[PDB]
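# Understanding the architecture of this molecule
Take a look at the letters that make up each chain.
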Amino acid sequence: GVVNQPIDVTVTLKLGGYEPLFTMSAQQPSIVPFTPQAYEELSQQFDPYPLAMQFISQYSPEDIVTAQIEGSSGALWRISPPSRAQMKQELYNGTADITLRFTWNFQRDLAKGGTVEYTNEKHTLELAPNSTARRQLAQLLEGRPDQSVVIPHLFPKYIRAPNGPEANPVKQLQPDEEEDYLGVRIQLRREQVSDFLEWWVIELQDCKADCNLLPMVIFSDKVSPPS
């Protein structure tokens, strides 16, 4: 088989039908293949768990990458003034759930082999009305720069990029599913020029050394040569 490494990893964070808060596309050299050191460290992390190790042993270091996703959105927030107001009101006053969606889409090079260029999926959370996170997110719109909100269980760190179009978080490494996804801290950045440019910034809640990066670990099944 042939290594089938993503050449683009694109992720988004979107609240309801509002203009997406955060978009980012990682490409070379932000897509970092595992070294034997990385593979050893991953193996040490999951050593106590035979199920996890059985999954990991199916992959060579070359089959695994860390997408070092920049947490500052790649684009200015596009939202119109009335929709920004509607979003604030819905967050605060809405009586229905509001969906928060984190998407990922991995592009592959078909010239190497394989048949399915993109493989993707998403994780969604329903933010209940009047919930603390929902009110805190709404509060960020007031533009106090020191403020933030943590959304628990939003970022699936370990994802498989198989030959087919559906890229699921790896259950063997995240056996409690959503409960094993990482918390994400969200902030709104503003620069004075509707008299402010706005963009959103996310980081892993427990980030330490490189809070600007959200490292997504992607296991790619090998592919057959082209035909």
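Here is what the cut-offs are and how they apply
- Residues numbered from 1 in each chain as written, not as in the entry; some residues may be left out.
- Heavy atoms only, no water.
- Residues with missing side-chain atoms left out of burial classes, pairs and counts.
- Helix = DSSP H or I, 4+ residues; strand = E, 2+ residues; numbered from the N terminus.
- Polar contact = N/O pair within 3.5 Å; in protein donor to acceptor, adjacent residues only side chain to side chain.
- Contact = heavy atoms within 4.5 Å.
- Patch = residues over 30% accessible without salt bridge, like charges linked within 9 Å, V, L, I, M, F, W, Y side chains within 5 Å.
- Areas by Shrake-Rupley, 256 points an atom, 1.4 Å probe, with all protein chains shown as cover.
- Salt bridge = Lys/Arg side-chain N within 4 Å of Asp/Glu carboxyl O.
- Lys, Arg positive; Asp, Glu negative; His and termini not counted.
- Charge placed at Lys NZ, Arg CZ, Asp CG, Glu CD.
- Buried < 20%, exposed > 50% of the residue type's maximum accessible area, 1.4 Å probe, protein only.

The protein chain is annotated in the PDB entry as Piezo-type mechanosensitive ion channel component 1 of Mus musculus. The title field of the PDB entry reads "A regulatory domain of an ion channel".

### Let's talk about the side chain of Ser 73
Relative to the helices and strands, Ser 73 resides in the loop between strand 4 (64–70) and helix 3 (81–93). In terms of polar contacts, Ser 73 uses its side chain to reach the backbone amide nitrogen of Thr 23, at 3.0 Å. Reaching out from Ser 73, the side chain makes a polar contact with the backbone oxygen of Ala 75 at a distance of 3.3 Å. Each residue touching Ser 73, except ones within four places of it in the same chain, is listed here: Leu 21, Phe 22, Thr 23, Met 24, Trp 199 and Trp 200.

### Examining a negative patch on the surface
Negative charge collects at one region of the surface, where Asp 176, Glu 177, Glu 178 and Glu 179 lie side by side. Using a relative accessible area of 58% as the deciding quantity, one classes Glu 179 as exposed.

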